[PDB]
């Protein structure tokens, strides 16, 4: 049934419109969930491709990365959701738009309380990356005409402004996206939106913890035993902040919910410092790098992606696996397992104190952790699983897309309900 559904001229996705990023999760041709993010950045572009370009054309052949098809987004979008002017022009979108002086990004006036995404002045900032994300997925699954049942969500504040059916009404109709450059150059995707659903941003994320879609099948992720109407604390552990959200009766509790400066950043910085300190105990490093500023990692993200993530994946697969963090700096390798594990567990313990306190303040039925911090702090945080009601999602690696995946699952269930 899902097979028959997906083989038609259609795209089944979940669309998460954030201020920084447009995220999408969709079912690809193997019926698996596929996700990417397009930064919410646009810039006015020439009507046809330009030859003066900010790199040699053959650069990506010395490059090791995924989602190459969104590195260069130069599109023409025809839609009645856009005003006449935007509709008339081509656009640079996402990463490629970052490198333009006349780029346009979301702002926040007139101190720091975020703006309305779909006002007449703001809407093109968010529609262009949304439609572009739809077009890229449609391109990926080899379909130039797609019916797109819209499944999105908005935070509760916009309910004082809009209405779900107003968002959907903006989106209904026909839209074309023509790629003028990059991977899909020459392709024109025709998007028809006839119907849709809007979901509760925030507590919807429960769906993505409870369910996955694998080869067309909805499967129950083992980890959380959900009873209907129970309260959820969702703690989003990030690089610079932690967000402690409490949901009761399907609504965010603003009074109890809060956010702090407890991030992974300072813990990682300390680890990076200690890692260098240890290499400088090595005699080869003494010979050639005494009194020098350089170090084996570029950024915190470099350290996360290259050193930490491969080991944590193995830990997540196998509770008995004992990790080894081995850094190579030029030709020299050092075992720094003690240094990394120290920072990981120090972070875990500080999060423990925070998470346990929030649990008692809310008396949440389920206490859930998500975010990159769970991955960094996994070696310690997984101990909290002994607390009944504490949930460390099996698919924590997909945290960035829990919102879009939730929409996607809701969208599949909706289409199946149609029969």
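Numbering follows the first chain given and starts at 1.
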Higher of the two mean Cα B-factors (133-141, 176-184; per PDB record) comes from 176-184
Out of 85-93 and 113-121, which stretch has the higher average CA B-factor listed in the record? 113-121
Residue set 363, 32, 57, 354, per-entry CA B-factor max assigned to 57
Kindly indicate the residue among 250, 263, 296, 323 with the greatest C-alpha B-factor in the PDB record. 250
Assigned third (lowest, middle, highest) for the C-alpha B factor of residue 39: middle
Select lowest, middle or highest to describe the third in which the CA B-factor of residue 267 falls within its chain in this entry. lowest
Within-chain third of residue 232 by Cα B-factor, per the entry: lowest
Should residue 419 be placed in the lowest, middle or highest third of its chain by the C-alpha B factor in the entry? highest
Residue 382 by Cα B-factor - lowest, middle or highest third of the modelled chain: lowest
